[PDB]
Amino acid sequence: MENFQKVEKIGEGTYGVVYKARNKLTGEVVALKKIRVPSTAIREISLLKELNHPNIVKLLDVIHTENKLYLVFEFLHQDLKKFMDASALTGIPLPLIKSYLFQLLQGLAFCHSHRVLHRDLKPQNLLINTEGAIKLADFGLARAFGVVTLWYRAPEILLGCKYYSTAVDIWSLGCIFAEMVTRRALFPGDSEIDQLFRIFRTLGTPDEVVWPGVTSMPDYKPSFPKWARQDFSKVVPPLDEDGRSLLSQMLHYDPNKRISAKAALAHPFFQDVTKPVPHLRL
Ligand SMILES: NS(=O)(=O)c1ccc(N/N=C2\C(=O)Nc3ccc(Br)cc32)cc1
């Protein structure tokens, strides 16, 4: 709407372009999401305004004028993807990784308890500020509306399960956890089958033993090659035993055996968690 002056194009999300904008009246800086309108979408989005948590990017306003749909969110200056790029040579300090992971799990714990899923977690969706905080952006939009990155997609999704659960977010989070530690995407697939195979080649091809019902998945093929599971110490060095233990539980094949956000918060890996301040260059 004309109540804002598009400062700059920040990014091109999944449901539209995101702009840094200044609210004429208030003068506050915000993130304007222009979505290119179904009745259900409107109600669903409306519910998200109530979803308030310190680690969730706040949805301030929903502008539905002239049959257009604009979403106004709070603004943060940097995403995790850029921060990781800037730390590519020295790597993010373990205390900070531990802090970010802990906060993200709190955010997820909150959303999951409300039956709201993110469905598309990725480094680009994680925003940070100068004060050591990190927040989940785009939460709940997937459900609302319905080259994309498949790197963080859970296996049940890739195998055709249409009624997936909160467990998919934990998988995505596990992949991100591994990436921060090693400074390399864990499963960088370039197609659905390529994604599935990179997963199988590291965690082993799933069978009815480790994942009951897997052979009945819609896209499961008896012809899938059968790879053996690799040792985690080789996959995420030099993460300590607590960390590897936590990661393996986040990457369980069976959605039901995958650790929940809430249980993850009580893992020994977080015994010594603190809240460091990152040195951000804006
Ligand atoms: N790559 S970067 O320059 O660090 C950069 C800087 C700022 C953002 N922030 N964008 C966003 C922001 O502030 N609030 C949001 C709510 C929903 C969505 Br979807 C994106 C945002 C994203 C990327």
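One-based numbering along the chain as shown.
Keep in mind that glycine also has a Cβ here, set from the backbone N, Cα and C atoms.
DSSP assigns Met1 (N-acetylmethionine) to coil, not to a helix or a strand. A sphere of 10 angstroms centred on the C-beta of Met1 (N-acetylmethionine) encloses 13 other C-beta atoms. Sequence annotations record features per position, and here Swiss-Prot assigns N-acetylmethionine to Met1 based on a large-scale study or a structure entry.
Annotation comment: Swiss-Prot describes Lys6 as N6-acetyllysine, evidence class a large-scale study or a structure entry. For the recorded site, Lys6 (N6-acetyllysine), the DSSP three-state label reads strand.
Swiss-Prot lists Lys9 (among others) with the feature site 'CDK7 binding', giving experimental evidence as the kind of evidence. Contacts of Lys9 (site 'CDK7 binding') defined by a Cβ separation under 8 A and a same-chain sequence distance of 6+ are given as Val17, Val18, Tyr19, in order along the sequence.
Here the Cβ of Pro123 (ATP binding site) has 20 other Cβ atoms within 10 Å, regardless of which shown protein chain they belong to. The secondary structure of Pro123 (ATP binding site), as reduced to three states from DSSP, is helical. The ATP binding site feature in Swiss-Prot is assigned to 10-18, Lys33, 74-76, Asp79, 122-125, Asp138; the stated evidence is experimental evidence.
Other Cβ atoms within 10 Å of the Cβ of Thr14 (phosphothreonine) number 14 in total over all chains. Under the heading phosphothreonine, Swiss-Prot lists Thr14, citing experimental evidence as support.
Listed in sequence order, the residues of the same chain lying 6 or more apart from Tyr15 (phosphotyrosine) and placing their CB within less than 8 Å of its CB are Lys33, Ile35, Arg36, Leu141, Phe145. Residues or ranges marked as phosphotyrosine in Swiss-Prot (evidence: experimental evidence): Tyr15 (among others).
The number of other CB atoms found within 10 A of the CB of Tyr19 (phosphotyrosine), across every protein chain shown, is 19. Taken from Swiss-Prot, the feature phosphotyrosine applies to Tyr19 (among others), supported by a large-scale study or a structure entry.
Annotation source Swiss-Prot lists site 'CDK7 binding' at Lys81, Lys82 (among others), citing experimental evidence. Counting only residues at least six positions away in the same chain, no Cβ atom sits under 8 Å from the Cβ of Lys82 (site 'CDK7 binding').
With a 10 A radius on its CB, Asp120 (active site, proton acceptor) counts 20 other CB atoms from all the protein chains. Annotation comment: Swiss-Prot describes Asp120 as active site, proton acceptor.
The DSSP secondary structure for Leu150 (site 'CDK7 binding') is coil. If you look up Swiss-Prot, you'll see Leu150 (among others) marked as site 'CDK7 binding'.
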Number of other Cβ atoms within 10 Å of the Cβ of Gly16 (ATP binding site) across all protein chains
17
Need this for a regression test: recorded positions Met1, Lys6, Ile10, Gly16, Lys81, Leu150, filtered to those with Cα within 10 Å of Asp120 (active site, proton acceptor). What's left?
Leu150
Once you note that 7 residues are missing between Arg36 and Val37, how far is one Cα from the other in Å?
9
Compile a sequence-ordered list of residues in the same chain as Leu76 (ATP binding site), six or more apart from it, whose Cβ lies below 8 A from its Cβ; state 'none' when nothing qualifies.
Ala31, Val57, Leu127, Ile128, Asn129, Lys135, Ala137
Rounded to a whole number, what is the CA to CA span in angstrom between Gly146 and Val147 on either side of 9 missing residues?
17
Return the count of C-beta atoms lying within 10 angstroms of the C-beta of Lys33 (ATP binding site), excluding that atom itself.
24
